[PDB]
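Since the structure comes first, as structure tokens, the remarks are kept for the end.
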Amino acid sequence: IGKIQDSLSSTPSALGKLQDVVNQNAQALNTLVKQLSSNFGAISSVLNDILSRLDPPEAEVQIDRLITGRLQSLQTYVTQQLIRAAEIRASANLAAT
Amino acid sequence: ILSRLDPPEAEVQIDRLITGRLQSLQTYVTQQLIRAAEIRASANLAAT
Amino acid sequence: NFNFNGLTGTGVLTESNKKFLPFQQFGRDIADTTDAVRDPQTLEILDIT
Amino acid sequence: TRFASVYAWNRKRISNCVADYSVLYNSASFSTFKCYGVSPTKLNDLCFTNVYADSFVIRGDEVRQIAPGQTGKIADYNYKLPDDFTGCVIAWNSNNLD
């Protein structure tokens with residue numbers, strides 16, 4: 001028992017799985033929030049870029065591009081989460097058995 | 001489109017083409033992901 | 001209601017005690033979002049939440 | 001009063017000065033208080049007011065056989081030009097009172 005206690009206290013690299021599990025989600029969320037700052041072919045990328053600044057009969061044909069460019073970014077994220085949860089379930093079943 | 005045309009003439013074509021071409025990639029990526037996911041389970045069964 | 005840099009809108013600001021360089025005008029966070037501002041009326045620093 | 005050649009463009013300066021564009025359109029010499037299109041969408045943003053006071057000349061000919069993304073023809077020689085295009089524009093004729 002003392003041997004394994006000391007070995008676990010010494011070696012820090014045994015928890016890579018538990019570390020990367022959290023790291024993946026953190027990175028995915030960071031990417032998702034970062035994505036908001038892309039122009040998607042428009043002049044500007046700020047959320048305010050659809051708020052108080054240019055005429056309707058020329059800006060309605062422009063805001064549509066931004067709104068349709070922001071949605072696939074959500075679609076990919078939800079698919080990624082689906083796959084990750086799908087494999088986590090099998091891991092949990094193995095652990096329970 | 002480029003060498004016989006005046007330069008700034010083909011936005012609405014090249015943009016739609018590049019968006020469409022890009023869209024075709026994630027489908028193949030997803031298929032590969034699903035197939036690899038199944039293969040992992042098969043390999044685990046074989047190892048056991 | 002109304003306190004930012006030069007006309008109309010509805011926004012967000014809080015109080016702070018940060019130490020700033022005298023020439024900087026904007027304070028942004030990791031998320032590329034403004035989170036700290038300074039005013040020339042009196043040279044204290046204001047934050048965002 | 002003085003409109004010289006390109007070397008001596010006129011200037012309004014922001015110094016010891018107070019009047020809105022409201023005063024500027026309230027006159028009879030000018031007849032508009034807009035540009036040709038500004039409304040709640042898409043370019044203008046920091047908390048901020050207007051345009052700065054400088055004057056120059058630019059060109060925009062090749063637009064009809066055009067869909068943007070590449071290099072133009074006209075706006076190069078006598079004054080350097082940036083690229084981004086959006087916002088408000090006013091231009092019409094006047095040939096009566098001078």
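Starting from 1 in every chain, residues are counted up; chains themselves are A, B, ... following the order of the structure tokens, and ligands are numbered from 1 as listed.
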For region 27-34 of chain D, work out the shell of residues within 9 Å, counting only C-alpha atoms and skipping chain neighbours fewer than 6 positions away, then give it as a list in words. residues 21, 88, 89 and 90 of chain D
Let me see the file: selected residues, N, CA, C and O atoms, as a PDB file, in the first residue's frame.
ATOM      1  N   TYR D  21     -24.703  69.383 -37.520  1.00  0.00           N
ATOM      2  CA  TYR D  21     -25.171  69.217 -38.891  1.00  0.00           C
ATOM      3  C   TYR D  21     -26.621  69.653 -39.047  1.00  0.00           C
ATOM      4  O   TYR D  21     -27.072  69.891 -40.174  1.00  0.00           O
ATOM      5  N   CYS D  88     -22.727  55.842 -46.581  1.00  0.00           N
ATOM      6  CA  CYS D  88     -23.634  56.858 -47.084  1.00  0.00           C
ATOM      7  C   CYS D  88     -22.885  57.752 -48.061  1.00  0.00           C
ATOM      8  O   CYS D  88     -21.722  58.104 -47.846  1.00  0.00           O
ATOM      9  N   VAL D  89     -23.569  58.102 -49.150  1.00  0.00           N
ATOM     10  CA  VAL D  89     -22.994  58.882 -50.237  1.00  0.00           C
ATOM     11  C   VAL D  89     -24.007  59.927 -50.685  1.00  0.00           C
ATOM     12  O   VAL D  89     -25.205  59.649 -50.793  1.00  0.00           O
ATOM     13  N   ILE D  90     -23.522  61.143 -50.935  1.00  0.00           N
ATOM     14  CA  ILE D  90     -24.336  62.211 -51.512  1.00  0.00           C
ATOM     15  C   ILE D  90     -23.592  62.770 -52.718  1.00  0.00           C
ATOM     16  O   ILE D  90     -22.398  63.080 -52.624  1.00  0.00           O
TER      17      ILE D  90
END
Nearby residues (only C-alpha atoms) at most 12 Å from region 60-70 of chain A, same-chain spacing under 2 positions excluded, as a CSV table (one decimal) with N, CA and C atoms, in the first residue's frame:
chain,number,residue,atom,x,y,z
A,32,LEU,N,-15.9,28.1,-30.2
A,32,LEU,CA,-17.2,28.6,-30.6
A,32,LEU,C,-17.4,30.1,-30.2
A,33,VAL,N,-16.9,30.5,-29.1
A,33,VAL,CA,-17.1,31.9,-28.7
A,33,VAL,C,-16.2,32.8,-29.6
A,35,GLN,N,-15.5,32.3,-32.7
A,35,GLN,CA,-15.9,32.4,-34.0
A,35,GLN,C,-16.8,33.7,-34.3
A,36,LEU,N,-17.3,34.3,-33.3
A,36,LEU,CA,-18.2,35.4,-33.5
A,36,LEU,C,-17.5,36.6,-34.2
A,37,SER,N,-16.2,36.7,-34.2
A,37,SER,CA,-15.4,37.8,-34.7
A,37,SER,C,-15.0,37.6,-36.2
A,38,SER,N,-15.8,36.9,-37.0
A,38,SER,CA,-15.5,36.7,-38.4
A,38,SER,C,-16.6,37.5,-39.2
A,39,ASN,N,-16.1,38.1,-40.3
A,39,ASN,CA,-17.0,39.0,-41.1
A,39,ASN,C,-17.9,38.1,-42.0
A,40,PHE,N,-17.5,36.9,-42.4
A,40,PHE,CA,-18.3,36.1,-43.3
A,40,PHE,C,-18.6,36.8,-44.6
A,41,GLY,N,-17.7,37.6,-45.1
A,41,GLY,CA,-17.9,38.3,-46.4
A,41,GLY,C,-18.5,39.7,-46.2
A,42,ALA,N,-19.0,40.0,-45.0
A,42,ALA,CA,-19.4,41.4,-44.7
A,42,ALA,C,-18.2,42.3,-44.4
A,43,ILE,N,-18.5,43.6,-44.2
A,43,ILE,CA,-17.4,44.5,-43.9
A,43,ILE,C,-17.0,44.3,-42.4
A,44,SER,N,-17.9,44.0,-41.5
A,44,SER,CA,-17.6,44.0,-40.1
A,44,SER,C,-18.2,42.7,-39.5
A,45,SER,N,-17.6,42.4,-38.3
A,45,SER,CA,-18.0,41.1,-37.6
A,45,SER,C,-18.7,41.3,-36.3
A,46,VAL,N,-18.7,42.5,-35.8
A,46,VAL,CA,-19.2,42.8,-34.4
A,46,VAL,C,-20.7,42.5,-34.4
A,47,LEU,N,-21.2,42.0,-33.3
A,47,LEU,CA,-22.7,41.8,-33.2
A,47,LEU,C,-23.4,43.1,-33.4
A,48,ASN,N,-22.8,44.2,-33.1
A,48,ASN,CA,-23.4,45.5,-33.3
A,48,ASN,C,-23.5,45.8,-34.8
A,49,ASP,N,-22.8,45.0,-35.7
A,49,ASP,CA,-22.8,45.3,-37.1
A,49,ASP,C,-24.1,45.1,-37.8
A,50,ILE,N,-25.1,44.8,-37.0
A,50,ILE,CA,-26.5,44.6,-37.5
A,50,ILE,C,-27.5,45.5,-36.8
A,51,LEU,N,-27.0,46.5,-36.2
A,51,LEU,CA,-27.8,47.2,-35.2
A,51,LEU,C,-28.2,48.6,-35.5
A,53,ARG,N,-26.7,51.2,-38.1
A,53,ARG,CA,-25.6,51.9,-39.0
A,53,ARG,C,-25.9,52.0,-40.5
A,54,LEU,N,-26.8,51.3,-41.1
A,54,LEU,CA,-27.0,51.4,-42.6
A,54,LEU,C,-28.4,51.1,-43.0
A,55,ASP,N,-28.7,51.6,-44.2
A,55,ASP,CA,-30.1,51.7,-44.7
A,55,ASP,C,-30.7,50.3,-45.0
A,56,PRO,N,-32.0,50.1,-44.8
A,56,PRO,CA,-32.7,48.8,-45.1
A,56,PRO,C,-32.5,48.3,-46.5
A,57,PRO,N,-32.9,49.1,-47.5
A,57,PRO,CA,-33.1,48.5,-48.9
A,57,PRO,C,-31.7,48.0,-49.5
A,58,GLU,N,-30.6,48.3,-48.9
A,58,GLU,CA,-29.3,47.8,-49.2
A,58,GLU,C,-28.7,46.9,-48.1
A,72,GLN,N,-24.1,27.3,-39.4
A,72,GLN,CA,-23.4,26.0,-39.6
A,72,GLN,C,-22.4,25.9,-38.4
A,73,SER,N,-21.9,27.0,-37.9
A,73,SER,CA,-21.0,27.0,-36.7
A,73,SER,C,-21.7,26.3,-35.5
A,74,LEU,N,-23.0,26.5,-35.4
A,74,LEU,CA,-23.7,25.8,-34.3
A,74,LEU,C,-24.0,24.3,-34.7
A,75,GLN,N,-24.3,24.1,-36.0
A,75,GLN,CA,-24.6,22.7,-36.4
A,75,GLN,C,-23.4,21.8,-36.1
A,76,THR,N,-22.2,22.2,-36.5
A,76,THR,CA,-21.0,21.4,-36.3
A,76,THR,C,-20.7,21.1,-34.9
A,77,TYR,N,-21.0,22.2,-34.0
A,77,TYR,CA,-20.7,22.0,-32.6
A,77,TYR,C,-21.7,20.9,-32.0
B,15,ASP,N,-17.6,33.2,-54.9
B,15,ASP,CA,-18.0,33.0,-53.5
B,15,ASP,C,-18.9,31.8,-53.4
B,16,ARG,N,-20.0,31.7,-54.2
B,16,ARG,CA,-20.9,30.6,-54.2
B,16,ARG,C,-20.1,29.3,-54.4
B,19,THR,N,-18.0,28.4,-51.3
B,19,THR,CA,-18.8,27.9,-50.2
B,19,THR,C,-19.4,26.5,-50.5
B,23,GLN,N,-18.5,23.1,-48.4
B,23,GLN,CA,-19.5,22.4,-47.8
B,23,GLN,C,-19.4,20.9,-48.0
D,39,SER,N,-29.2,53.8,-41.7
D,39,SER,CA,-30.4,53.3,-40.9
D,39,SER,C,-29.8,52.2,-40.0
D,40,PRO,N,-30.6,51.5,-39.1
D,40,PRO,CA,-30.1,50.7,-38.1
D,40,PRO,C,-29.4,49.4,-38.6
D,41,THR,N,-28.3,49.3,-39.4
D,41,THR,CA,-27.6,48.1,-39.6
D,41,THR,C,-26.1,48.1,-39.3
D,42,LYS,N,-25.3,48.7,-40.2
D,42,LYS,CA,-24.1,47.9,-40.6
D,42,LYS,C,-22.7,48.5,-40.8
D,43,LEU,N,-22.3,49.7,-40.3
D,43,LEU,CA,-20.8,50.0,-40.4
D,43,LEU,C,-20.2,50.8,-39.3
D,86,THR,N,-18.9,50.9,-48.0
D,86,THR,CA,-20.2,50.7,-47.4
D,86,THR,C,-20.5,52.1,-46.8
Shell of 12 Å around residue 24 (chain C), only C-alpha atoms, local chain residues under 2 positions omitted, as a PyMOL selection string: chain C and resi 19-22+26-28+36-40+45
Print the selection's residues with C-alpha atoms to a file, as an mmCIF file, in the first residue's frame.
data_model
loop_
_atom_site.group_PDB
_atom_site.id
_atom_site.type_symbol
_atom_site.label_atom_id
_atom_site.label_comp_id
_atom_site.auth_asym_id
_atom_site.auth_seq_id
_atom_site.Cartn_x
_atom_site.Cartn_y
_atom_site.Cartn_z
ATOM 1 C CA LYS C 19 -3.588 50.528 -13.261
ATOM 2 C CA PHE C 20 -3.511 51.824 -16.829
ATOM 3 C CA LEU C 21 -1.009 53.283 -19.245
ATOM 4 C CA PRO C 22 -1.793 56.953 -19.952
ATOM 5 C CA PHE C 26 -9.702 50.475 -24.704
ATOM 6 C CA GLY C 27 -9.500 47.540 -22.341
ATOM 7 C CA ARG C 28 -10.492 44.181 -23.807
ATOM 8 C CA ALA C 36 -12.342 47.982 -18.720
ATOM 9 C CA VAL C 37 -12.729 51.644 -19.660
ATOM 10 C CA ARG C 38 -11.292 54.974 -18.515
ATOM 11 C CA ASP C 39 -12.822 58.438 -18.534
ATOM 12 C CA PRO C 40 -11.222 61.893 -18.890
ATOM 13 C CA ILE C 45 -11.144 53.202 -14.357
#
With a distance cut-off of 12 Å and only C-alpha atoms, select the neighbouring residues of residue 9 (chain C), excluding the residue or stretch itself and same-chain residues fewer than 4 positions from it, and output the selection as a VMD selection string. (chain A and resid 48 51 to 52) or (chain C and resid 1 to 5) or (chain D and resid 40 45 to 48)
Region 2-76 of chain D: residues DSSP assigns to alpha helix (DSSP H), reported as a VMD selection string: chain D and resid 21 to 26
Those selected residues, please, written with C-alpha atoms and delivered as a short mmCIF file (atom, residue, chain, number, x, y, z; two decimals), in the first residue's frame.
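Saved the output as part_8.cif:
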data_model
loop_
_atom_site.label_atom_id
_atom_site.label_comp_id
_atom_site.auth_asym_id
_atom_site.auth_seq_id
_atom_site.Cartn_x
_atom_site.Cartn_y
_atom_site.Cartn_z
CA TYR D 21 -25.17 69.22 -38.89
CA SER D 22 -28.70 70.33 -37.98
CA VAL D 23 -27.55 73.93 -38.44
CA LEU D 24 -25.81 72.88 -41.66
CA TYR D 25 -28.95 71.41 -43.24
CA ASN D 26 -31.26 74.11 -41.86
#
Measure the distance from CA of residue 26 (chain A) to CA of residue 13 (chain A) in Å and round it to one decimal.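 We find that CA of residue 26 (chain A) and CA of residue 13 (chain A) lie 19.9 Å from each other.
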With a distance cut-off of 10 Å and only C-alpha atoms, select the neighbouring residues of residue 6 (chain B), excluding the residue or stretch itself and same-chain residues fewer than 6 positions from it, and output the selection as a PDB file with N, CA, C and O atoms, in the first residue's frame.
ATOM      1  N   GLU D  62     -15.557  51.843 -62.835  1.00  0.00           N
ATOM      2  CA  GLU D  62     -15.893  50.470 -63.229  1.00  0.00           C
ATOM      3  C   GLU D  62     -16.619  49.755 -62.087  1.00  0.00           C
ATOM      4  O   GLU D  62     -16.018  49.209 -61.160  1.00  0.00           O
ATOM      5  N   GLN D  65     -19.920  46.314 -65.056  1.00  0.00           N
ATOM      6  CA  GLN D  65     -19.345  45.025 -65.433  1.00  0.00           C
ATOM      7  C   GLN D  65     -18.381  44.539 -64.364  1.00  0.00           C
ATOM      8  O   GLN D  65     -17.193  44.334 -64.626  1.00  0.00           O
ATOM      9  N   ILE D  66     -18.882  44.358 -63.142  1.00  0.00           N
ATOM     10  CA  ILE D  66     -18.060  44.208 -61.949  1.00  0.00           C
ATOM     11  C   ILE D  66     -18.838  43.412 -60.910  1.00  0.00           C
ATOM     12  O   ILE D  66     -20.042  43.620 -60.726  1.00  0.00           O
ATOM     13  N   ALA D  67     -18.145  42.492 -60.237  1.00  0.00           N
ATOM     14  CA  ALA D  67     -18.610  41.847 -59.029  1.00  0.00           C
ATOM     15  C   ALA D  67     -17.326  41.734 -58.219  1.00  0.00           C
ATOM     16  O   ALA D  67     -16.395  41.040 -58.655  1.00  0.00           O
ATOM     17  N   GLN D  70     -11.319  41.974 -56.731  1.00  0.00           N
ATOM     18  CA  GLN D  70     -10.027  42.132 -57.391  1.00  0.00           C
ATOM     19  C   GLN D  70      -9.802  43.613 -57.698  1.00  0.00           C
ATOM     20  O   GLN D  70     -10.517  44.485 -57.195  1.00  0.00           O
ATOM     21  N   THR D  71      -8.804  43.893 -58.537  1.00  0.00           N
ATOM     22  CA  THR D  71      -8.211  45.218 -58.670  1.00  0.00           C
ATOM     23  C   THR D  71      -8.914  46.049 -59.737  1.00  0.00           C
ATOM     24  O   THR D  71      -9.296  45.540 -60.794  1.00  0.00           O
ATOM     25  N   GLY D  72      -9.039  47.348 -59.462  1.00  0.00           N
ATOM     26  CA  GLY D  72      -9.746  48.265 -60.337  1.00  0.00           C
ATOM     27  C   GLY D  72      -8.878  49.016 -61.330  1.00  0.00           C
ATOM     28  O   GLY D  72      -7.804  48.543 -61.711  1.00  0.00           O
ATOM     29  N   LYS D  73      -9.342  50.194 -61.758  1.00  0.00           N
ATOM     30  CA  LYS D  73      -8.725  50.925 -62.861  1.00  0.00           C
ATOM     31  C   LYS D  73      -8.395  52.387 -62.582  1.00  0.00           C
ATOM     32  O   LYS D  73      -7.378  52.869 -63.096  1.00  0.00           O
TER      33      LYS D  73
END
If we count only C-alpha atoms, what is near region 81-86 of chain A at a cut-off of 12 Å, once residues fewer than 4 positions away on the same chain are taken out, given as a list in words?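 So, after excluding close chain neighbours, the residues are residues 21, 22, 24, 25, 28, 29, 74, 75, 76, 77, 90, 91, 92 and 93 of chain A; 30, 31, 33, 34, 35, 36, 37 and 38 of chain B.
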Limited to C-alpha atoms, could you put the picked residues into a file as a short mmCIF file (atom, residue, chain, number, x, y, z; two decimals), in the first residue's frame?
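Saved the output as out-v8.cif:
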data_model
loop_
_atom_site.label_atom_id
_atom_site.label_comp_id
_atom_site.auth_asym_id
_atom_site.auth_seq_id
_atom_site.Cartn_x
_atom_site.Cartn_y
_atom_site.Cartn_z
CA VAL A 21 -11.55 15.03 -21.38
CA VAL A 22 -11.92 18.50 -19.83
CA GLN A 24 -11.43 19.05 -25.31
CA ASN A 25 -14.62 20.69 -24.05
CA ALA A 28 -14.40 23.58 -28.22
CA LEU A 29 -16.19 26.26 -26.21
CA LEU A 74 -23.75 25.78 -34.32
CA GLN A 75 -24.56 22.71 -36.40
CA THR A 76 -20.98 21.41 -36.35
CA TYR A 77 -20.74 22.01 -32.60
CA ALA A 90 -19.86 3.06 -24.03
CA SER A 91 -16.95 3.91 -21.75
CA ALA A 92 -19.37 4.27 -18.83
CA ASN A 93 -21.02 0.93 -19.58
CA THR B 30 -18.41 12.82 -40.64
CA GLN B 31 -18.56 9.54 -42.55
CA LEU B 33 -15.68 9.64 -37.98
CA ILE B 34 -18.65 7.26 -37.81
CA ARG B 35 -16.78 4.43 -39.52
CA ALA B 36 -13.77 4.81 -37.21
CA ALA B 37 -16.09 4.84 -34.20
CA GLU B 38 -17.56 1.49 -35.23
#
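Rounded to one decimal, CA of residue 32 (chain C) and CA of residue 18 (chain B) lie 28.1 Å from each other.
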Give me, as a ChimeraX atom specification, the residues of chain B touching chain D, with the criterion being at most 10 Å (counting only C-alpha atoms). /B:2,5-15
For residue 54 (chain D), find every residue with an atom within 9 Å (counting only C-alpha atoms), except residues of its own chain fewer than 4 positions away, and show them as a count of residues only. 5
In terms of only C-alpha atoms, the residue from D:79, D:15, D:95, D:85 at minimal distance from residue 57 (chain D) is D:79
The distance between CA of residue 1 (chain B) and CA of residue 59 (chain A) is 28.1 Å
Counting only C-alpha atoms, collect the residues of chain C whose closest atom lies at most 12 Å from chain A, and write them out as an NGL selection string. :C and (7-11 or 29-34)
